[PDB]
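**Student:** If you scroll down you'll find the structure; I have some questions about it.
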Amino acid sequence: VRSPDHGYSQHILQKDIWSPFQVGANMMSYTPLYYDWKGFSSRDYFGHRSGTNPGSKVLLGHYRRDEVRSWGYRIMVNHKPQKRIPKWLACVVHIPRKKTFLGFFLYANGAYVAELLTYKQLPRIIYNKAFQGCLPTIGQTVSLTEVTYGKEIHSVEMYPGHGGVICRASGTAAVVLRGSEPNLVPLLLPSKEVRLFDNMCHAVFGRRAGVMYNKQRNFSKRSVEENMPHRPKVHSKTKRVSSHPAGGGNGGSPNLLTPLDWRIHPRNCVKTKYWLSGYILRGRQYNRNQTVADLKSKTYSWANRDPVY
Amino acid sequence: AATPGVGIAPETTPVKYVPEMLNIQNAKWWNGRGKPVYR
Amino acid sequence: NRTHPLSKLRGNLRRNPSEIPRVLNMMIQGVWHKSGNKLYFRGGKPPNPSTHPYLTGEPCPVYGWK
Amino acid sequence: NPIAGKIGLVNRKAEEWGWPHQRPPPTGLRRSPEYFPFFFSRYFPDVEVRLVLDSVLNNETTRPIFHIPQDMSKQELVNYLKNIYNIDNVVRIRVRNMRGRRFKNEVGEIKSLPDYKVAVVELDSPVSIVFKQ
Amino acid sequence: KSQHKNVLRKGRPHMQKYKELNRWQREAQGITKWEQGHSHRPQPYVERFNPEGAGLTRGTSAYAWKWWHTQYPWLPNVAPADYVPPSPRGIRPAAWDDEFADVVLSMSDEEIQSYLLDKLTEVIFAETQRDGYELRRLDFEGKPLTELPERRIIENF
Amino acid sequence: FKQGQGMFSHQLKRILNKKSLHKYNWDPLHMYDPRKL
Amino acid sequence: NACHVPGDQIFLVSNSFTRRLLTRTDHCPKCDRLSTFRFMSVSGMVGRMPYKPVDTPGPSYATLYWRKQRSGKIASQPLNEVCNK
Amino acid sequence: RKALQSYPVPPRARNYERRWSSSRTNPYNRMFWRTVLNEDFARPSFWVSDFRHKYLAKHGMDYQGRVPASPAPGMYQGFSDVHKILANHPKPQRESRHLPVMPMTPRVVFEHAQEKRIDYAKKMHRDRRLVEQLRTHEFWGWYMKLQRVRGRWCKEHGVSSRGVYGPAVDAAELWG
Amino acid sequence: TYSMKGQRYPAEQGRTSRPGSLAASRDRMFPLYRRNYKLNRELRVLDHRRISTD
Amino acid sequence: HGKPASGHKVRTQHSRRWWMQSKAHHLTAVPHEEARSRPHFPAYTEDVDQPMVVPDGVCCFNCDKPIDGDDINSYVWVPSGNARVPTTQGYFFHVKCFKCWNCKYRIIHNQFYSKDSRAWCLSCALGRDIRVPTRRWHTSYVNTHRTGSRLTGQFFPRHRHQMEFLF
RNA sequence: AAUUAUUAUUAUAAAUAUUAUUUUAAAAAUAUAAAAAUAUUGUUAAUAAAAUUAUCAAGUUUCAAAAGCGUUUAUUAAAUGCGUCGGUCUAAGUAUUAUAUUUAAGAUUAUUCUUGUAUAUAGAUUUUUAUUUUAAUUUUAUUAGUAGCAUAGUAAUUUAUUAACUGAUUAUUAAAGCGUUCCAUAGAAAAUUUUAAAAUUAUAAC
Ligand SMILES: [Zn+2]
Ligand SMILES: [Zn+2]
Ligand SMILES: [Zn+2]
């Protein structure tokens, strides 16, 4: 196989990511793994298509529609691989709408259910078995104790035993950072914010998957943009001045000084962190400007977490 | 489809804007359905 | 299915205020079954649920009614 | 009209048992086939199975037509003719429901008769009626 | 557009909907129009559900096609609604017998849950694990640091 | 193009004025069952 | 201009029998009985169109090739006559 | 407008939209070429495309054979309106071995109500021409009695039915 | 003849008993137009029998 | 600079590049640019060269039972242009034998695939497996007695046919 | 749809019924056009996307300006839409992700500089410009430029036409286009050339 991921490119612009090894659609929809459910569109309590009230983290993005298609491929995902029982990658299924790759693992005590598929994994191989080393094999799900500084891990679980939440998107990877804390290990999440992950947490070793998503996936076809169907996102400056303060103006009015969606979203203002966890060390704001590498140099302790936020 | 017209108050202060707050006359003989409840 | 007082059988001819909206929609609308044939009310003279003979028994598949 | 009226219950009581004056019969008796309107029915039925003659006249017929109150089901029309008119040969009954006849009386109010239930019974050996002129 | 042919209407007419009936049910009840006290949200349908969905908490597969897409995973496990509590009745298995019963009954239901966890970690990581895979992390040279697996690996086994 | 101007819309605006039966069903003491005292 | 269960004929249709045009009933000579004919193609008009020559619509390129087989190559039989009597 | 979920079968012609597009007929023969040509288009119809994921796990191979159609008895037993989590196939069966019987959903019964009203229509047409091929068939048979009785009568009464002239204008075989 | 949606003329329907004329039912004036519901059912509707499965 | 540069697609059916893409390429001679354009096919294929009648040794392709000679439109006579091989003329099917043999439902959009003298449904005959349609299961939508097949195949000038203008 | 009205209510199925509502002796207009020699745009704001046809109903070509193909109550450089980019978000959803926006894809490039909103801020105001918002009045470099470009105008030159308030070209200080610019550009709207049935002037011609 050449390049287990391809920018298939049906039309010179339309570049969808075909992967050789991708299971044909027939071997995709699996009965006891397939969930279906209308997604509420953007309607929240009283219909009323609306986002979220300013302070909350339950998303009903105003511009959302056709979230669950009804005869789209929708198998559920594990996110909790088991520690050291061998796997067996049976096939590698690729759902367009959930851009994730995910391959069916046998997992060696019959459980034909495991999905998240780390980069450079091949089908019909056994994965969760360690080589001579501690657990340094691609695909092996490793507790954060067993990793060493500087090697990527994906699907890291935020709270130990509560399922993998961090670094699930394709090609993503949380890099270890060699902290000084007694029983905690700091990981450089891809958001350039570092977080004191408990060392007993479980992460899947390797990159995540399907590299060449970061770019090189471009639909530019009216039918094919039904991998991401969303509502129209109108100008905010053609919105019936009675309705939206940016409006009218006999021509192209540039826009008002302080941009606002309906309430406010001024360009770098609305930063909506309201509760920081005890584990958080430096938010994406505290690192946004340094670099990727300089954050990988230091050792991270509790004194690095800034007492004021 | 429906409307309370009062506008849902905070979940903590369940009642703002009684109709009396506006010097409203709601006699049963005047507009019919009037007589309030906080009474 | 109107039913006799003594008969333990339960029929759906209710007259509670919560149930008359559907008991008219049987007498004036009728039911259009998803099999293609129009049910209980299919023509002109709308039935009189209160002058039906009483429900005598639940239907069976093999015979008509137990 | 499906909606239950208040008065119609009250008018029911005053004839079932003298309502404002005579106290009610205990609810056990009311749930029983010995309650008078269930007893005046199980022993003194009140039915009007009128026969249409226009189909049973001088022309012989195997299918004499009746009219039975709207609330006489088929198998009761069997029981009826069997035990009251000795009719013992009824293989199939065929039942319509007809809006009672309507008209304007000479005054002008639309005086619509009660409704009934054509039930074309089908006797085995045909029946007839003679009319000598 | 200056021509409204108005023939594209008139096709597949809507049901009659007799809205006087709901207008009546309001008055034939104490309630007004159900003022935004509810006002509504689109209720789920039986089709879009997937029973046998390996979620659903396995008690609710008909109570749970409703309730939302964002709640029925959490719908708690309760009971068959006819399963009675474990009852400290006297019916002992047909052939377990005494001596075993006299011993086992001595152990209480934390004195036996504890024994069971040790035995199960011993049954796994025994013939079951030593037969093929390995279930305890190894050191520099590759020696099994801990004696038996860690309590989590067993839990998810 | 409304629909249903016919007689059923001429009764359902006249027979539904009939005042349904009223019974002051007072609230059921679910949690505090009184007869189990 | 009309065929058969297995054969053909020819006929110019008027206005009066426009009903029987598509499919007729006629004595099929490759048989001895009436059999339903069809309308394999047009062969002209029953009268003039205003301000137009005798052959206003023209028979066809098709019904001509049917004619050029019937009359056409009769060279098998200029014997027994050509046009005389 | 009479929500499609009311019709026994979803409607044949499906009207859409498109102020700037005026054509009644849905463009079939395009919805056909896709689907026939591309396997993926139509969701796998779980069973015939499950039974892999159950062969691969229990046999260590790709099935590499044509999967049986008609889902096995016992599959999709909690589902109620399958019709999508399947092909339009019926809900397979109970987990029994009794002979297959169509679970008479409101849909199956309607199809019975077509294949009887198809046989009804093709029967009311099939015997219009059967009596039409008596009326015209016997009208001709009778019309030739007419031209015969006219043929017999027009010889004794000598009406040659060929103009005011004698046959000497005919024998020339000119116009005259 | 069959149980089909159709349009009837009002005189065809026959009038109530008039002072001038008896009640002239739609049948006794148009005998060969009485629908034959044996012939309908036998031909047009699906019998319980043909789909009886249990 | 005529301004409204985005427009209605006003031409298109008023072109000569169009007049060549509207033709049909049927089984006639009709060199090109002479076939019919809007309906795509001429009405009343005249066939005086060969009479185009239903044969006597005729039988159902799918079922094989003899077919009524011509007194009826119970048979779906698909004359695939000049066929000869299926019968003296083209395939023959009673209206009720016109189903896919392998999957036993209707032949959707009526394109069938003659698998070893038993018409197979194209999708099954092609290996695909979606095996139940929506509208009518066991009876196709087809026309009867070639009436649906006369949109194509063998119009009047089926050959050189220059006997016309030659002496 | 105020009606016995424009009006196949297309859920289906079918294919040869000799199923049955339309006054009447004229020319004007007008709705309308069968027929028919020349002429081919001289008509006009402007010819050419303008019913049917068995005489089978279709204009070709060049240049300039112009994106997506969806979608709109006076229907389009309206508003969508993919990508890039900016900002936000690691205790409800995957930070090559999803929210919240500005733009528009493709191809070249994407300039100079800041007084206020925002951010950060230290009791607050007042102060305060890494990125973002808005700005640049002589920003004006690239780039196209009389252009839907405030007048000046028919811009001056060149063509083109017998006649050039057309249009295209050159350059080029454009009242104050300008980097989201510019190029590329297809069915559109123009300008030529050219051909051509609508009764286009001539022309009136039931
Ligand atoms: Zn013949
Ligand atoms: Zn056949
Ligand atoms: Zn098939």
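Residues in the structure tokens are numbered from 1 in each chain, the chains being A, B, ... in the order shown, and ligands are numbered from 1 in the order shown.
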Which residues are close to residue 145 of chain E, i.e. within 12 Å by only C-alpha atoms (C1' of nucleotides), leaving aside same-chain residues fewer than 6 positions away? Reply as a ChimeraX atom specification.
**Tutor:** /A:134 /E:135-139
**Student:** Which chain J residues are at most 12 Å from chain A (counting only C-alpha atoms), as number ranges by chain?
**Tutor:** J: 128-130
**Student:** Give as an MDAnalysis selection string the residues surrounding ligand 1 up to a distance of 10 Å, considering only C-alpha atoms (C1' of nucleotides) and all ligand atoms.
**Tutor:** (chainID G and resid 3:9 26:37) or (chainID J and resid 53)
**Student:** Using N, CA, C and O atoms, can you write the selected residues to a file as a tab-separated table (two decimals), in the first residue's frame?
**Tutor:**
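File produced: again_6.tsv:
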```
chain	number	residue	atom	x	y	z
G	3	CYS	N	-51.87	-1.99	-41.49
G	3	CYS	CA	-51.37	-3.33	-41.76
G	3	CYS	C	-52.27	-4.51	-41.40
G	3	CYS	O	-53.18	-4.82	-42.17
G	4	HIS	N	-52.13	-5.06	-40.19
G	4	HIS	CA	-52.80	-6.32	-39.89
G	4	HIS	C	-52.32	-7.03	-38.63
G	4	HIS	O	-51.52	-6.51	-37.85
G	5	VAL	N	-52.84	-8.24	-38.46
G	5	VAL	CA	-52.12	-9.29	-37.74
G	5	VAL	C	-50.86	-9.75	-38.49
G	5	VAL	O	-49.88	-10.13	-37.84
G	6	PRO	N	-50.89	-9.81	-39.84
G	6	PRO	CA	-49.66	-10.19	-40.56
G	6	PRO	C	-49.45	-9.50	-41.90
G	6	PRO	O	-48.41	-9.75	-42.52
G	7	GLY	N	-50.33	-8.62	-42.37
G	7	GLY	CA	-50.36	-8.18	-43.76
G	7	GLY	C	-50.41	-6.65	-43.85
G	7	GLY	O	-50.11	-5.95	-42.88
G	8	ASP	N	-50.75	-6.13	-45.03
G	8	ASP	CA	-50.89	-4.68	-45.21
G	8	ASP	C	-52.02	-4.38	-46.19
G	8	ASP	O	-52.62	-5.30	-46.75
G	9	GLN	N	-52.28	-3.09	-46.36
G	9	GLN	CA	-53.27	-2.53	-47.28
G	9	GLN	C	-52.86	-1.09	-47.53
G	9	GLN	O	-51.72	-0.71	-47.28
G	26	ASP	N	-60.88	-4.86	-40.57
G	26	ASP	CA	-60.98	-5.05	-42.00
G	26	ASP	C	-60.68	-6.49	-42.39
G	26	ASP	O	-60.07	-7.25	-41.64
G	27	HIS	N	-61.12	-6.81	-43.59
G	27	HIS	CA	-60.93	-8.14	-44.15
G	27	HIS	C	-59.46	-8.34	-44.51
G	27	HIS	O	-58.98	-7.77	-45.49
G	28	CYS	N	-58.75	-9.13	-43.71
G	28	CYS	CA	-57.33	-9.35	-43.96
G	28	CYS	C	-57.18	-10.41	-45.04
G	28	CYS	O	-57.49	-11.58	-44.80
G	29	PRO	N	-56.72	-10.04	-46.24
G	29	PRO	CA	-56.72	-11.03	-47.33
G	29	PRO	C	-55.71	-12.15	-47.15
G	29	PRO	O	-55.89	-13.22	-47.73
G	30	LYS	N	-54.66	-11.94	-46.36
G	30	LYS	CA	-53.77	-13.06	-46.05
G	30	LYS	C	-54.39	-13.89	-44.94
G	30	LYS	O	-53.70	-14.37	-44.04
G	31	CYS	N	-55.68	-14.14	-45.09
G	31	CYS	CA	-56.58	-14.81	-44.17
G	31	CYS	C	-57.92	-14.77	-44.88
G	31	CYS	O	-58.03	-14.16	-45.94
G	32	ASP	N	-58.94	-15.39	-44.32
G	32	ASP	CA	-60.28	-15.07	-44.78
G	32	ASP	C	-61.11	-14.73	-43.56
G	32	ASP	O	-61.88	-15.56	-43.06
G	33	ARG	N	-60.97	-13.49	-43.11
G	33	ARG	CA	-61.77	-12.95	-42.03
G	33	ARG	C	-61.44	-11.50	-41.79
G	33	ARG	O	-60.38	-11.02	-42.22
G	34	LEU	N	-62.32	-10.79	-41.11
G	34	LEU	CA	-61.99	-9.44	-40.69
G	34	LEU	C	-61.00	-9.50	-39.54
G	34	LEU	O	-61.13	-10.31	-38.63
G	35	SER	N	-59.97	-8.66	-39.62
G	35	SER	CA	-58.94	-8.62	-38.60
G	35	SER	C	-58.51	-7.18	-38.40
G	35	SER	O	-58.55	-6.37	-39.33
G	36	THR	N	-58.09	-6.87	-37.19
G	36	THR	CA	-57.83	-5.49	-36.83
G	36	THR	C	-56.54	-5.00	-37.46
G	36	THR	O	-55.48	-5.62	-37.31
G	37	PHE	N	-56.63	-3.86	-38.14
G	37	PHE	CA	-55.48	-3.26	-38.80
G	37	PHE	C	-54.93	-2.15	-37.91
G	37	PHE	O	-55.59	-1.68	-36.99
J	53	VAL	N	-44.38	-8.32	-37.25
J	53	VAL	CA	-45.53	-8.94	-36.61
J	53	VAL	C	-45.05	-9.89	-35.53
J	53	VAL	O	-43.89	-10.33	-35.53
```
**Student:** Compute the set of protein, DNA and RNA residues whose minimum atom distance to ligand 3 is at most 7 Å, using only C-alpha atoms (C1' of nucleotides) and all ligand atoms, and state it as a VMD selection string.
**Tutor:** chain J and resid 100 to 105 120 to 125 131
**Student:** Output N, CA, C and O atoms of each residue in that selection to a file, as a PDB file, in the first residue's frame.
**Tutor:**
```pdb
ATOM      1  N   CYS J 100     -37.957  -9.963 -12.039  1.00  0.00           N
ATOM      2  CA  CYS J 100     -36.560 -10.472 -12.015  1.00  0.00           C
ATOM      3  C   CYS J 100     -36.640 -11.946 -11.646  1.00  0.00           C
ATOM      4  O   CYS J 100     -37.352 -12.243 -10.707  1.00  0.00           O
ATOM      5  N   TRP J 101     -35.966 -12.844 -12.343  1.00  0.00           N
ATOM      6  CA  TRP J 101     -36.102 -14.254 -11.903  1.00  0.00           C
ATOM      7  C   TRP J 101     -35.401 -14.503 -10.569  1.00  0.00           C
ATOM      8  O   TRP J 101     -36.016 -15.127  -9.694  1.00  0.00           O
ATOM      9  N   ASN J 102     -34.176 -14.020 -10.406  1.00  0.00           N
ATOM     10  CA  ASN J 102     -33.391 -14.356  -9.192  1.00  0.00           C
ATOM     11  C   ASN J 102     -33.995 -13.749  -7.931  1.00  0.00           C
ATOM     12  O   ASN J 102     -34.231 -14.511  -6.986  1.00  0.00           O
ATOM     13  N   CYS J 103     -34.306 -12.451  -7.934  1.00  0.00           N
ATOM     14  CA  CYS J 103     -34.778 -11.815  -6.673  1.00  0.00           C
ATOM     15  C   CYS J 103     -36.307 -11.881  -6.605  1.00  0.00           C
ATOM     16  O   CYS J 103     -36.837 -11.713  -5.517  1.00  0.00           O
ATOM     17  N   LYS J 104     -36.982 -12.105  -7.725  1.00  0.00           N
ATOM     18  CA  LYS J 104     -38.462 -12.280  -7.799  1.00  0.00           C
ATOM     19  C   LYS J 104     -39.316 -11.035  -7.592  1.00  0.00           C
ATOM     20  O   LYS J 104     -40.519 -11.199  -7.432  1.00  0.00           O
ATOM     21  N   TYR J 105     -38.726  -9.851  -7.594  1.00  0.00           N
ATOM     22  CA  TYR J 105     -39.531  -8.611  -7.504  1.00  0.00           C
ATOM     23  C   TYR J 105     -39.561  -7.976  -8.893  1.00  0.00           C
ATOM     24  O   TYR J 105     -39.113  -8.627  -9.839  1.00  0.00           O
ATOM     25  N   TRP J 120     -33.058 -11.533 -15.628  1.00  0.00           N
ATOM     26  CA  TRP J 120     -32.666 -11.270 -14.226  1.00  0.00           C
ATOM     27  C   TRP J 120     -32.697  -9.772 -13.990  1.00  0.00           C
ATOM     28  O   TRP J 120     -32.565  -9.032 -14.954  1.00  0.00           O
ATOM     29  N   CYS J 121     -32.975  -9.358 -12.769  1.00  0.00           N
ATOM     30  CA  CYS J 121     -33.016  -7.925 -12.405  1.00  0.00           C
ATOM     31  C   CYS J 121     -31.612  -7.377 -12.546  1.00  0.00           C
ATOM     32  O   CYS J 121     -30.703  -8.030 -12.057  1.00  0.00           O
ATOM     33  N   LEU J 122     -31.452  -6.168 -13.065  1.00  0.00           N
ATOM     34  CA  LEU J 122     -30.060  -5.718 -13.313  1.00  0.00           C
ATOM     35  C   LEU J 122     -29.296  -5.687 -11.996  1.00  0.00           C
ATOM     36  O   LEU J 122     -28.208  -6.235 -11.969  1.00  0.00           O
ATOM     37  N   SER J 123     -29.886  -5.163 -10.929  1.00  0.00           N
ATOM     38  CA  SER J 123     -29.111  -5.005  -9.682  1.00  0.00           C
ATOM     39  C   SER J 123     -28.678  -6.364  -9.147  1.00  0.00           C
ATOM     40  O   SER J 123     -27.484  -6.508  -8.846  1.00  0.00           O
ATOM     41  N   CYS J 124     -29.583  -7.339  -9.071  1.00  0.00           N
ATOM     42  CA  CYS J 124     -29.187  -8.701  -8.618  1.00  0.00           C
ATOM     43  C   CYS J 124     -28.279  -9.320  -9.662  1.00  0.00           C
ATOM     44  O   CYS J 124     -27.297  -9.973  -9.292  1.00  0.00           O
ATOM     45  N   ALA J 125     -28.641  -9.131 -10.926  1.00  0.00           N
ATOM     46  CA  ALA J 125     -27.848  -9.753 -11.995  1.00  0.00           C
ATOM     47  C   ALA J 125     -26.532  -9.023 -11.993  1.00  0.00           C
ATOM     48  O   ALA J 125     -25.596  -9.487 -12.648  1.00  0.00           O
ATOM     49  N   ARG J 131     -32.874  -5.859  -2.123  1.00  0.00           N
ATOM     50  CA  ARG J 131     -33.770  -6.797  -2.769  1.00  0.00           C
ATOM     51  C   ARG J 131     -35.198  -6.608  -2.291  1.00  0.00           C
ATOM     52  O   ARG J 131     -35.872  -7.565  -1.915  1.00  0.00           O
TER      53      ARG J 131
END
```
**Student:** Using DSSP on the backbone coordinates, identify the residues of chain D assigned to helix (DSSP H, G or I); present them as a PyMOL selection string.
**Tutor:** chain D and resi 6-16+27-30+36-43+74-84
**Student:** The selected residues should be written to file as an mmCIF file, in the first residue's frame (atoms: C-alpha atoms).
**Tutor:**
```cif
data_model
loop_
_atom_site.group_PDB
_atom_site.id
_atom_site.type_symbol
_atom_site.label_atom_id
_atom_site.label_comp_id
_atom_site.auth_asym_id
_atom_site.auth_seq_id
_atom_site.Cartn_x
_atom_site.Cartn_y
_atom_site.Cartn_z
ATOM 1 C CA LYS D 6 -75.034 17.853 33.751
ATOM 2 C CA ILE D 7 -78.830 17.770 33.589
ATOM 3 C CA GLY D 8 -78.973 14.485 31.713
ATOM 4 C CA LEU D 9 -77.535 12.724 34.740
ATOM 5 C CA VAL D 10 -79.955 14.427 37.098
ATOM 6 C CA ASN D 11 -82.910 13.560 34.898
ATOM 7 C CA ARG D 12 -81.626 9.983 34.920
ATOM 8 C CA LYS D 13 -81.627 9.704 38.714
ATOM 9 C CA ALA D 14 -85.081 11.145 39.372
ATOM 10 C CA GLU D 15 -86.604 8.289 37.368
ATOM 11 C CA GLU D 16 -84.144 5.584 38.415
ATOM 12 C CA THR D 27 -73.742 0.801 44.989
ATOM 13 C CA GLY D 28 -73.647 -2.983 45.199
ATOM 14 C CA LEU D 29 -77.226 -3.277 44.000
ATOM 15 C CA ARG D 30 -76.549 -0.753 41.237
ATOM 16 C CA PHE D 36 -84.498 -2.447 38.273
ATOM 17 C CA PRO D 37 -83.570 -1.008 34.830
ATOM 18 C CA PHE D 38 -81.325 -4.042 34.416
ATOM 19 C CA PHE D 39 -84.179 -6.092 35.809
ATOM 20 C CA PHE D 40 -86.854 -4.379 33.768
ATOM 21 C CA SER D 41 -84.661 -5.209 30.790
ATOM 22 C CA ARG D 42 -83.684 -8.820 31.447
ATOM 23 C CA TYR D 43 -87.365 -9.698 31.829
ATOM 24 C CA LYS D 74 -77.178 -9.178 14.578
ATOM 25 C CA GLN D 75 -77.034 -12.106 16.979
ATOM 26 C CA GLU D 76 -79.738 -10.431 19.060
ATOM 27 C CA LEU D 77 -82.080 -10.164 16.084
ATOM 28 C CA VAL D 78 -81.579 -13.914 15.825
ATOM 29 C CA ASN D 79 -82.358 -14.419 19.512
ATOM 30 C CA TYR D 80 -85.346 -12.124 19.103
ATOM 31 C CA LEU D 81 -87.101 -13.807 16.198
ATOM 32 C CA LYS D 82 -86.143 -17.186 17.633
ATOM 33 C CA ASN D 83 -87.646 -16.795 21.094
ATOM 34 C CA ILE D 84 -90.479 -14.340 20.380
#
```
**Student:** Could you give me, as an MDAnalysis selection string, every polymer residue with an atom at most 8 Å away from an atom of ligand 2, counting only C-alpha atoms (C1' of nucleotides) and all ligand atoms?
**Tutor:** chainID J and resid 59:67 75 92:98
**Student:** For residue 229 of chain A, work out the shell of residues within 7 Å, counting only C-alpha atoms (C1' of nucleotides) and skipping chain neighbours fewer than 4 positions away, then give it as a PyMOL selection string.
**Tutor:** chain A and resi 65-66+225
**Student:** I need the residues from that last selection saved to file as a CSV table (one decimal), in the first residue's frame (with N, CA and C atoms), if you can.
**Tutor:**
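File part-v6.csv, as written:
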```
chain,number,residue,atom,x,y,z
A,65,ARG,N,-28.1,22.0,11.5
A,65,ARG,CA,-29.3,21.3,10.9
A,65,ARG,C,-28.8,20.0,10.3
A,66,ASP,N,-29.7,19.0,10.3
A,66,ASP,CA,-29.4,17.7,9.7
A,66,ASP,C,-28.3,17.0,10.4
A,225,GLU,N,-21.1,18.6,0.1
A,225,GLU,CA,-21.1,19.3,1.4
A,225,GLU,C,-22.2,18.8,2.4
```
**Student:** Find the residues around segment 9-15 of chain F up to 10 Å (only C-alpha atoms (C1' of nucleotides) counted), leave out those fewer than 4 positions away in its own chain, and share them as a ChimeraX atom specification.
**Tutor:** /C:24,28 /D:1-3 /E:16,18-21,24 /F:3-5,19
**Student:** Keeping only N, CA and C atoms, write the selected residues as a compact mmCIF listing (two decimals), in the first residue's frame.
**Tutor:**
```
# COMPACT_ATOMS: atom_id res chain seq x y z
N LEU C 24 -64.71 12.61 18.34
CA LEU C 24 -65.32 13.23 17.17
C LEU C 24 -64.50 12.92 15.93
N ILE C 28 -66.47 12.10 12.52
CA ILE C 28 -66.51 12.98 11.36
C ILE C 28 -65.36 12.71 10.40
N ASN D 1 -73.85 14.49 19.94
CA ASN D 1 -73.02 15.31 20.80
C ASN D 1 -72.38 14.45 21.88
N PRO D 2 -71.06 14.30 21.90
CA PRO D 2 -70.45 13.39 22.87
C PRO D 2 -70.36 14.00 24.26
N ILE D 3 -70.34 15.33 24.31
CA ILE D 3 -70.09 16.02 25.56
C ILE D 3 -71.21 15.76 26.55
N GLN E 16 -58.39 18.15 7.58
CA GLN E 16 -59.27 19.25 7.94
C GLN E 16 -58.90 19.88 9.27
N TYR E 18 -59.94 20.52 12.07
CA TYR E 18 -61.05 20.86 12.98
C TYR E 18 -60.57 21.52 14.27
N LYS E 19 -59.92 22.67 14.13
CA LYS E 19 -59.25 23.27 15.27
C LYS E 19 -60.22 23.74 16.34
N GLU E 20 -61.53 23.69 16.09
CA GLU E 20 -62.47 24.05 17.14
C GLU E 20 -62.43 23.04 18.27
N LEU E 21 -61.93 21.84 18.00
CA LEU E 21 -61.94 20.81 19.03
C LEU E 21 -60.91 21.10 20.11
N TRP E 24 -62.03 23.95 22.03
CA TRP E 24 -63.03 23.57 23.03
C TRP E 24 -62.40 22.91 24.24
N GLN F 3 -60.80 24.85 3.84
CA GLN F 3 -61.29 23.49 3.63
C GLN F 3 -62.52 23.39 4.51
N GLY F 4 -63.35 22.38 4.30
CA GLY F 4 -64.33 22.07 5.33
C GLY F 4 -65.21 23.20 5.78
N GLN F 5 -65.87 23.87 4.84
CA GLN F 5 -66.94 24.80 5.17
C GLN F 5 -68.25 24.08 5.47
N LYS F 19 -71.99 22.54 27.80
CA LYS F 19 -71.11 22.57 28.95
C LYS F 19 -70.92 21.16 29.50
```
**Student:** Can you build me a table of chain H residues sitting at most 7 Å from chain J, with the closest atom pair per residue and its distance in Å to one decimal, using only C-alpha atoms, sorted by chain and residue number, as CSV?
**Tutor:**
```
residue,atom,partner,partner_atom,distance
H:9,CA,J:135,CA,6.6
H:29,CA,J:109,CA,6.7
H:32,CA,J:109,CA,6.9
H:36,CA,J:123,CA,5.5
H:39,CA,J:128,CA,6.6
H:87,CA,J:130,CA,6.2
H:88,CA,J:132,CA,5.6
H:89,CA,J:132,CA,6.2
```
**Student:** For the selection you just gave me, I'd like the residues written to a file as a short mmCIF file (atom, residue, chain, number, x, y, z; two decimals), in the first residue's frame, keeping N, CA and C atoms.
**Tutor:**
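Just written: part-v5.cif:
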```cif
data_model
loop_
_atom_site.label_atom_id
_atom_site.label_comp_id
_atom_site.auth_asym_id
_atom_site.auth_seq_id
_atom_site.Cartn_x
_atom_site.Cartn_y
_atom_site.Cartn_z
N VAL H 9 -48.51 3.71 0.62
CA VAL H 9 -47.17 3.71 0.07
C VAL H 9 -46.80 5.17 -0.13
N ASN H 29 -34.54 7.43 -13.94
CA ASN H 29 -33.56 6.99 -14.92
C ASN H 29 -32.24 7.68 -14.66
N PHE H 32 -31.91 5.94 -11.00
CA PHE H 32 -31.71 4.51 -11.21
C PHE H 32 -30.26 4.18 -11.52
N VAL H 36 -27.89 1.49 -8.98
CA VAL H 36 -27.50 0.24 -9.67
C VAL H 36 -25.98 0.24 -9.83
N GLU H 39 -22.53 0.66 -5.39
CA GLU H 39 -23.05 -0.22 -4.33
C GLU H 39 -23.38 0.61 -3.09
N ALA H 87 -33.37 -3.77 4.20
CA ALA H 87 -33.97 -3.16 3.02
C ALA H 87 -35.45 -2.97 3.33
N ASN H 88 -36.26 -2.70 2.35
CA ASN H 88 -37.68 -2.65 2.69
C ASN H 88 -38.24 -4.02 3.10
N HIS H 89 -37.39 -5.02 3.34
CA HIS H 89 -37.75 -6.36 3.76
C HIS H 89 -38.71 -6.35 4.95
#
```
